[PDB]
Amino acid sequence: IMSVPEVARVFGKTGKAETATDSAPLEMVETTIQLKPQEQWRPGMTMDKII
Amino acid sequence: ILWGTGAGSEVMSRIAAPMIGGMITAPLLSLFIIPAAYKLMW
Amino acid sequence: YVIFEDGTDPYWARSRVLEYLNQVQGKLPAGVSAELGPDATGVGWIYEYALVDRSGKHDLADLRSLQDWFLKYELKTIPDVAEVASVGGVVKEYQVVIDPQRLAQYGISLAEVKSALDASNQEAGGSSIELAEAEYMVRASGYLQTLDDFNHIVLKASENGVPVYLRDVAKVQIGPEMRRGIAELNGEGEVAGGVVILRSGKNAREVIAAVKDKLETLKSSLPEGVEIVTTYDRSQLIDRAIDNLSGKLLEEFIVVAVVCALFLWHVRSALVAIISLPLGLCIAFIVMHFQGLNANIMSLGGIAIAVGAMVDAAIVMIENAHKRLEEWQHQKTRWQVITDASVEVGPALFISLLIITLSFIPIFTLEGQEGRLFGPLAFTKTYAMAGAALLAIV
Amino acid sequence: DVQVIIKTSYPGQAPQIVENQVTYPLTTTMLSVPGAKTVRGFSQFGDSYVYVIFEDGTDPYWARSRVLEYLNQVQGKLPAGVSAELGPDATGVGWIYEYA
Amino acid sequence: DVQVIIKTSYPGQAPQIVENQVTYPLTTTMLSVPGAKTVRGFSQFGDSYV
Amino acid sequence: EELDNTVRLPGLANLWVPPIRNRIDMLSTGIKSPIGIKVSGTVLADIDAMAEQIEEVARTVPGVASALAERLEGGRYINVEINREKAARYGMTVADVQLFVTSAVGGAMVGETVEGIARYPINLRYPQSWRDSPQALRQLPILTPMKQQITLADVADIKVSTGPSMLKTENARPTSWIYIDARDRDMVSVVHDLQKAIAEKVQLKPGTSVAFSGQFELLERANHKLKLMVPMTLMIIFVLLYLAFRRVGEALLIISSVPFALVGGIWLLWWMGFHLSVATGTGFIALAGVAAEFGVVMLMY
Amino acid sequence: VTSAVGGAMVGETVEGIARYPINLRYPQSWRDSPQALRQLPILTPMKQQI
Amino acid sequence: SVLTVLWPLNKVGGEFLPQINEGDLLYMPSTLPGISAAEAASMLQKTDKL
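Chains as they are written, first to last, in the deposited numbering: chain A, 596 to 646; chain B, 998 to 1039; chain C, 94 to 424, 433 to 495; chain D, 44 to 143; chain E, 44 to 93; chain F, 647 to 947; chain G, 747 to 796; chain H, 546 to 595.
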C-alpha cells in the first residue's frame, strides 16, 4: 500500500486492541491509510482513481 | 445588627456595614448632585 | 451485547445491565472476571498514535510496557477521554520450562510446583510491636524480582536430606506472551501504539487538542530515540468541513451584496440582509443548545440553504421599501409612511415564513437510524426559518 | 465536593502491603469510572481509603451508582477475609449528634 | 405500590439462625433506604424473603 | 487564649477551631497551600529524589516559597528478611514462615463466635514473652513440616529501619506533593516562571511527570466569568432606565451618580476594620440599588 | 493438558505499579504435533511413568 | 470624593469566609506518627483534665 505515490502513512492492525469495543480475530486486518493533501496528489487522480 | 454579637451575626454585620455607611451620602447625593446635574442638562 | 429499545438513557441501560452482573461474577471460573465496555459508541475512536523507535535499543516489550504503564495512565486523566487502549507490542512474561526427565527423576508433580510458586510471591506483616513508648511497624519481604529468586525455590525437601530447588527441575527465562493483536507502521517494521476513545456525545476537538498538548509536554520524559507518530485524528476533517462551510457562507453573502448593488443601482440596502441572516442562525443555535442536539456535519451543511431560503423575505422588503421611497419622491412622518410601506407586505411574508417553517414536521415524524441522523438538519432548518420570520417582523 | 469514599479495613499489615494489595486494585479499577474528575488513595496502618471526586454539578446518587458500577469487579480480587465498603450518604456536615 | 423483593438462600439452617444472621441485618439495613415506607420480611427453614 | 495558655504538653501543636469547619476540612482531601507541584512516577524513590531537587529549584525563584517536600517518612520498621536458601534447608517455603509471622506474632482472626445477633472474633497468638522485642523474634520457636525444632533467626534476618507512616496515590500512581505558598498576592505569573525554571534546570527520569495545581486554577476561571456578566448586567439595567425616562441623559446621570453612594458605603468598612468579600459585595449592590431608586424618584419629581 | 501443553498463568510478579504474568509450560519439543502429544510423559499420583 | 475613595480600597484586606464562632470548640493537636495505645489514652486523659 505504501508504494502508491499519494499515501503518506499506513498503520496496519491484525487482531484486537485490548478493548471491549474491538473484537477482531487474528485473521481480520484493518489498515488505516492517510492520503497526501489534495494539492500534492497528482494532476487529476480523483479519489475514485486512487481507490 | 452592626453593634450586636449573637449567633451568626458576623455575616449579618458584614452585609449591613456597607448600607449603614452609604446611608449618609445617598441622601446627600439624591438631594444635591441630582438637581445640580439636572440644571446643567442643556 | 445487550441491545435495548430506542430512546433509552445509556446510563440507565448500563445500570440495569450491571444490576444483574454481580450475580454472575460468583459463577464464572476463578481467574476470570467480566468487565463492562467503555462509555463510547462506534464514533468513540478519535485519536491513534504509535511508539516508534529510531534505533536498535528498545525492543517491542519495552515500548509496550511504556505504553501500558506510563502513557495509559497519563492520557486517561483527560476529563472527557473514555479510555486509552493499547495495541501491538509484546507483553513480557516469566516463563518456566519444566523438564519431564527431571520430574520423573525427582518424582514431583506439577501441583506441588504451582503450590511452591504461589507461596513465594507475597509479603506477610505481623501487628506493630510495643517498643519503649514508641511504635515500630514490621514489614517482611518475599516478592520475586530476579531470576535468581526463581531459581532458589524449594519444591521438595526431606528431613536430614537435601532440598530440591527449582533450578534443578526447570529453566526460568523471560519471554513474550501469546499475542492477540499486532500493530505495525509502514513496511519499515512493527510498532506499538494506543487508541483514544471519546465519551458518548462530547466535544472531540477540545479533547484532541488536550491530548496533543499533553503528548507535547510529555515527550520530554520519553527514553532516548523514542517518538510518538500520530496516524489518525478527526480534528482535520472537522476543520476542513467548518472552513468549507464558512467559505460558502461568505460567498453567498458576497453574492447577495453584488446582486443588491447591481439591481438597486449601488445602494447599501444589502446591509439590511447581511445583518438579518446571521441573527436567525443565532436564534436557531440557541434553540438547539436549549435541547442538546449536537451539531453534526449534516446540520452544518444545511444552513447554506437556510440562508438562501431566508434571504427572500429580506429582498422583498428591501425592494418594496425602495419602490415606495422612490414613488414618494415624485410628490419624521415620512418614516411613518415607510413603516406603512413595510407593514403592507409584512403579514404576507410572515405567514409565508410560518408555513415554510411548519412544513418540516414530516421530517421530525420519521424516527430510527434515519430519524436520528436527519433530525438535527430539519430541526435547525425549522428554528432558522422561525427566527427569520421573527426578524422579518422586526 | 461531590465525592465518594471507599474504605477497606485490614487488621495488621503495614502501609505498603495494604497499598499493593487492596488499595492498588481499587484505584486502578476506579480510575476508569465515568465522570470521575480524580481518584486519590490513602494507605495507612491497616486501613485503606479511596476518594473518587467527580466534577461539579453531579447528582450524588448518580455518582454513588457510577462508583458502585466498578466496585463489584474488584471484590473478587481482594484478599479472602477483607471486603470493601462504600461510605455513608452524608458529607462533612453529617455529624449532628454525639453521646457517651 | 413500589415493592422490592430480596430473596436469600441459606441451605439447611433453622429459621432462628437464618433470621438472626440473614433476615435481621437485611431488614435493619433496608429501613434506612431513602423513601422506604415499610420493610417486611420472613425467614423459613431454607429461605428468607424481604 | 486562656485555653491555649493552659494546655501545654511536649510534642503537641495546639489548634482551636469550630467542629463543623474541622469536619469539613477533614473530609476535604485536597491541597490547601496556594500552589502545589505534583510529581508522579512508577515508584517512590525516583519521585522523592526528584522532589528533593524541585524543592530548592522552586525556593530560589523570586518570591517567598516555603517549599516543603513531605512529612510522610516517619515510620519505624523491624524488617524480617526471609532467606529462601536457609528456608529451603529445612523444607519450609516463604509462606511457611509467613504463617508463623502473621499467626504466632501477628494474631489474625481465625473465626467468629455467634451469641445471637452479635459476633465476637477469635484470636490465635503466642504468649507475650516470645514476641516482646526483636531479640525475642530472633529466638521465636518454629516447628518445620517434618517436626524439627528451629528458631526464626535460622531462616531469616531481623533488622530495624525507618519508613513511611502513610502512602499517597494520585490516579493510581506514587505521587509526591510540593507546597509553594505566599500571601496577599495573586499567583498568576510566578507559575510560569516556576515551570520554566523546572523545565530548564531539572531533568526528568524515564517514567516521571510533573504538574501544577492549587486554588489559583479556579480563580483565573471564576474572575473571568464575572467579567463576562458585570457588563451584561449594566446593559440590562441601562435598557431599563432608558425605558423609564425615554432619554439617555437621565440613565447616564444615575449610573454615574451611583458611585457616590458606593463611595459613602465603602468609606465605613475601613473605620469598622472589616474586610471586603462577597457579603460586602451584596451589601454594596443593595446600597447601589437603593441609591438608584432614590435618584429615579427624585428625577421624576 | 492445560498446564504442560496449554501454559496457563500461575501468578503475577509485581515491579511497582506494573504486573507481569508467570507461565509454566513444557518445552517446545514435547508439544510440537499430535504425534508428540501421543507421547507426552505423565507422572501418576503414585509416581509411575506413562 | 470619588477619587479620594481609592485610599482604603488598597489598604482594605480580602478574606473568603469570615470565621463564624459556634457555641462549642474543637481542640486538635498536631503530633508525630509514633505512638502506642496506652500512651495515647494517657495523653488524652491529661489533655481533657487540663
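Quick reminder that beta carbons are idealized off the backbone N, C-alpha and C, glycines included.
(request) Can you give me the Cβ contacts of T458(C) inside the same chain, cut-off strictly under 6 Å, excluding the 5 residues immediately before and after it? (result) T483, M486 and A487
(request) Could you name the residues of chain F that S587(H) contacts, counting a contact when the two beta carbons are closer than 9 Å? (result) By Cβ distance, chain F contributes nothing, its closest Cβ being about 11 Å from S587(H), past 9 Å.
(message) Counting only C-beta atoms, is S1027(B) closer than 8 Å to chain F at any point?
(response) yes
(request) List the residues that DSSP assigns as beta-bridge partners of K50(D). (result) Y92(D) and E128(D)
(message) Cβ closer than 7 Å: which chain H residues qualify as neighbours of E226(C)?
(response) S581 and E584
(message) Please list, in chain order, the chain F residues whose beta carbon lies closer than 8 Å to that of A1034(B).
(response) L899 and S903
(message) DSSP has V145(C) in a bridge; who is on the other side?
(response) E320(C)
(request) Check whether the Cβ atoms of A106(D) and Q118(D) lie closer than 8 Å to each other. (result) no
(message) One question on the structure: do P820(F) and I693(F) come within less than 8 Å of each other, judged by their Cβ atoms?
(response) yes
(request) Sort out for me which residues DSSP pairs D326(C) with in a bridge. (result) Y140(C)
(request) Return no unless some Cβ of chain F is closer than 8 Å to the Cβ of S234(C). (result) yes
(request) Would you check if the segment 693-706 of chain F and the segment 785-795 of chain F touch, i.e. whether three or more CB-CB distances between them fall below 8 Å? (result) no
(message) Out of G709(F), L813(F) and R669(F), which one is the CA nearest neighbour of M573(H)?
(response) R669(F)
(request) Below 9 Å between beta carbons is the criterion; list the residues of the segment 155-185 of chain C that meet it against any residue of chain F, in chain order. (result) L159, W162, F163, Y166, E167, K169 and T170
(request) Go ahead and pull the three-state DSSP assignment for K185(C). (result) strand
(message) Please classify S674(F) as buried or exposed, where buried requires at least 16 other C-beta atoms within 10 Å of its C-beta.
(response) exposed
(message) Rounding to the nearest angstrom, what Cα-Cα distance links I456(C) and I462(C) in this structure?
(response) 11 Å
(request) With DSSP as the reference, please indicate the residues paired to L813(F) in a beta bridge. (result) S86(D)
(message) I'd like the ranges of any alpha helix (DSSP H) spanning at least 4 consecutive residues and lying wholly in the segment 291-370 of chain C.
(response) 297-311 and 328-356
(request) For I763(F), go through chain E and note every residue whose CB falls closer than 9 Å to its CB, in chain order. (result) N63, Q64, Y67 and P68
(message) Using only CA atoms, which one of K416(C), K305(C), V183(C) and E216(C) lies nearest to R273(C)?
(response) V183(C)
(request) Would you mind stating whether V834(F) and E866(F) have Cβ atoms separated by less than 8 Å? (result) yes
(request) May I have the straight-line CA-CA distance separating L129(C) from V174(C), to the nearest angstrom? (result) 16 Å
(message) For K644(A), report the span of its alpha helix (DSSP H) as first-last.
(response) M642 to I645
(request) Pick out the complete alpha helix (DSSP H) segments inside the segment 806-858 of chain F, 4 residues or longer, and give them in chain order. (result) 836-847
(message) So, for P905(F): in the same chain, excluding its five sequence neighbours on each side, which residues have a beta-carbon less than 6 Å away from its beta-carbon?
(response) none
(request) Give the DSSP bridge partners of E223(C), in chain order. (result) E228(C)
(request) Could you round the C-beta distance between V760(G) and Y236(C) to whole angstroms and report it? I think they count as a contact, below 8 Å. (result) 6 Å
(request) Look at the alpha carbon of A586(H) and the alpha carbon of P665(F), and state the distance between them as a whole number of angstroms. (result) 21 Å
(request) Please state if the CB of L168(C) and the CB of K307(C) are separated by a distance shorter than 8 Å. (result) yes
(request) Could you tell me if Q56(D) is buried or exposed, where buried requires 16 or more neighbouring beta carbons within 10 angstroms of its beta carbon? (result) buried
(request) Would you give the residue range spanned by the beta strand (DSSP E) that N769(G) belongs to? (result) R765 to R771
(request) Report yes if the CB atom of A1023(B) is closer than 8 Å to the CB atom of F940(F), and no otherwise. (result) yes
(message) Does the structure place the segment 806-815 of chain F close enough to the segment 76-87 of chain D that three or more beta carbon pairs sit under 8 Å?
(response) yes
(request) Mind listing, in chain order, the continuous alpha helix (DSSP H) runs of no fewer than 4 residues lying wholly within the segment 859-941 of chain F? (result) 862-891 and 894-918
(request) Give, in chain order, every residue of the segment 308-326 of chain C whose Cβ lies closer than 7 Å to some Cβ of chain F. (result) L311, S313, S314 and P316
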